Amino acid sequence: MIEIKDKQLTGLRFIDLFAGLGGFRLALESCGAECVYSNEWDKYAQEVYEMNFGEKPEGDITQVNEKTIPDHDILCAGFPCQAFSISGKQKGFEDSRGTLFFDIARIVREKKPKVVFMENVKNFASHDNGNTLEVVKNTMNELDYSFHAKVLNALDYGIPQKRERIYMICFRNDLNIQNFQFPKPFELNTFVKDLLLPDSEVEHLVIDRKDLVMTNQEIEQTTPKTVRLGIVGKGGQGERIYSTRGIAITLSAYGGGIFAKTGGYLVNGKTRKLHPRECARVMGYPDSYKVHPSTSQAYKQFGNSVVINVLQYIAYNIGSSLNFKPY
């Protein structure tokens, strides 16, 4: 994460739906806002949230009377994406895990928050020929909000990870917000090699495999792209090794492969997966953050979390645009 002094959102209240790790909280909180309610059903996710905020989120959002939700200004939600990711069987809304948006919608219709801030995977943009996006676009407009969306790729905002995501900011049609904009990109000057842990701490993640083939030679100079060096087995997901000189491929929640969820890296002549803390750092989490004691779960968690640094910017802009109230 990044430090911010113009706390644009001081005095605003926000809801953390599908809290997960709390990435949305950290982001908005670094701007001066305050989380008045949180929601996350996964037992383990609940454990870390509590471990890091002292609160335990409410359960299954689908069975929560919308009225029960407190007044709030900004609604934050990174709804489940398994049903829209390039990596899965794209069942979309037909999928049981693809209708949570409509849960967001019934929340918005009752509480009418000034802002709706959603997150999801890039393929969502084009899913079902973009019908999905369109369905969402329209649904929002009808509840009286302006729909603003773009696909930003973390590596353009200081984080050494090629995580391409769609971000959707919606404003109540009242407040004539007409100046909102998405953070301008900037030069990447921090790479994976700059986030790795001392070898002493990592050792146990190292993997020696004889079916390790080398498709390319290590690069000398830093590059803001995923430069793959090797393959293991059949080179499927989790079976590909990248250079610590480029940027980290998207971390995932349910991923498989010998280097499940983090992918493999050629660290100092050795081939290994990333340590939970390294995942955190790569997601732009402060080292102060407490990762879940169960590594498998820590991976899963960070895997479908969100790159804090980015939301930081967007939030600041969401703020900027809301404070411009001249005469």
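All residue numbers refer to positions in the sequence shown, first residue = 1. Rigid core here is just the name for the largest C-alpha set that superposes within 1.5 Å across the two forms.
**Student:** In 8 other deposited structures of this protein, superposed by the rigid core, which stretch departs further from the shown form in CA positions, 119 to 127 or 92 to 100?
**Tutor:** When 119 to 127 and 92 to 100 are compared in 8 other deposited structures of this protein, 92 to 100 lies farther out.
**Student:** What stretch shows more C-alpha movement in 8 other deposited structures of this protein relative to this form, 77 to 85 or 219 to 227, after the core is superposed?
**Tutor:** Between the two stretches, 77 to 85 moves farther in 8 other deposited structures of this protein.
**Student:** Mind pulling up the entry and telling me whether 17 to 25 or 311 to 319 has the higher mean Cα temperature factor?
**Tutor:** Higher mean C-alpha B-factor: 311 to 319.
**Student:** On mean Cα temperature factor in this entry, is 233 to 241 or 155 to 163 the higher one?
**Tutor:** Looking at the record's C-alpha B-factors, the answer is 233 to 241.
**Student:** Taking the Cα B-factors listed in the entry, which of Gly78, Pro113, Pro224, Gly255 comes out highest?
**Tutor:** Comparing C-alpha B-factors across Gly78, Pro113, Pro224, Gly255, the top value belongs to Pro224.
**Student:** Looking at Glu278, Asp287, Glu66, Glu47, which has the highest CA B-factor as recorded?
**Tutor:** Among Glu278, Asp287, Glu66, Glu47, the highest C-alpha B-factor in the entry belongs to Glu66.
**Student:** Splitting the chain's C-alpha B-factors into thirds, which one does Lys273 fall into?
**Tutor:** For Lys273, the deposited C-alpha B-factor lands in the middle third.
**Student:** Among the modelled residues of its chain, does the C-alpha B-factor of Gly246 lie in the lowest, middle or highest third?
**Tutor:** CA B-factor rank for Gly246: highest third.
**Student:** How does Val136 rank on Cα B-factor within its chain, lowest, middle or highest third?
**Tutor:** Middle third, going by the recorded CA B-factors of the chain.
**Student:** Report the third (lowest, middle or highest) to which the CA temperature factor of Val108 belongs, ranking only the modelled residues of the same chain.
**Tutor:** According to the entry, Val108 has a C-alpha B-factor in the chain's middle third.
**Student:** Per the entry's values, where does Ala33 land by CA temperature factor relative to the rest of its chain, in the lowest, middle or highest third?
**Tutor:** CA B-factor rank for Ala33: highest third.
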